[PDB]
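Here's a solo chain for you in structure tokens, the form deposited in one PDB entry.
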């Protein structure tokens, strides 16, 4: 009976008589920094999530144009720290937030530039749809950046970046900046003005210790809150996804849904998410795959890595190409449709929702 009621259809039984005494009470509320629940229940406590953030798509071709022009006109260095352009959700009041929890940006580093070293409580990762040439130095450990690589920079790790070539590179940054600003957890420290090691090894020290499947160094027996892997290289991700599709061909369980291969990047000390606030995945859909529509608590962002296809959000189809980016705010129904084989990088605030027992998932047909 009452379970089908919403805030529009429910009887409003707390409507006081509009008298001078009531207006005086309400005036007194304002003077005393008091705001009654009864005038705002439905907004404070909706039937289901109703984000101020809206679903939205940014074209890579547009992001690249603006990043390149920024490369001409704006020098990178101290103070501003990075030449990064945050994707700003139209629904979030002028804040540089792609969602209420996450920052997503395109960053551009021109020939031979250095972005100086700093650290901050905010967790961060880099992802590269295309390019090479930059190394990012994380606690003194140079990490090469290449197409298809996920690079991590967990909170409070010193990091700076350098272009070792005569050619520009762009990539995307994800951070829990919006969550951290609203929740007041932000600390920041300036490090050196130049990265602490200009060497450019093929593979970082973190990788050389931690990227052997199923093996753990005896010197690393303590679990970490964030992954000690600095780089999740394209080769491994590509091979994982191929094997899932091959295993499917062979009638063996592997794919998460038919024609839908997918992995989660994990902290190898625990098997959990890469960082406390941020979950990263990579999806590969066979040509013609259409995912079942999901509603999920919290926000996610995808970047198209390869192939052609579309996303549906709130019933609306938007065609997508290589590098395009979209955000799905909390509880917005979404699905992906593959035209060709369709590869996507994904990040979300799901580790926050799951840690606090706020996660819910509705899946079409299930």
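Positions refer to the first chain, counted from 1. Rigid core: the largest C-alpha set superposing within 1.5 Å between the two forms.
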| item | value |
| --- | --- |
| Higher-scoring stretch by recorded Cα B factor average, 98 to 106 or 244 to 252 | 244 to 252 |
| Stretch with the greater mean C-alpha B-factor as recorded in the entry, comparing 348 to 356 against 7 to 15 | 7 to 15 |
| From 174, 268, 140, 155, residue of greatest CA B-factor | 140 |
| Highest recorded Cα temperature factor - choice among 217, 214, 186, 201 | 201 |
| Third assignment of residue 127 from its chain's C-alpha B-factors | middle |
| Residue 146 - Cα temperature factor, lowest/middle/highest third of chain | highest |
| Cα B factor band for residue 52 (lowest, middle or highest third within the chain) | middle |
| Assigned third (lowest, middle, highest) for the C-alpha B factor of residue 286 | highest |
| CA B-factor ranking of residue 228, expressed as a third of its chain | middle |
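What comes next is about the form deposited in another entry, which does not appear here.
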| item | value |
| --- | --- |
| Entry of 121, 192, 165, 181 that shows, once the rigid core is matched between the shown form and the other one, a C-alpha shift of 2 Å or more | 192 |
| Large Cα move at residue 79 between the shown form and the other one, threshold 2 Å, rigid core | yes |
| Direction of Cα pair change residue 81-residue 165 in the other form, magnitude 3 angstroms or more | closer |
| Cα distance between residue 77 and residue 173, which in the other form differs by 3 Å or more from this form, closer or farther | farther |
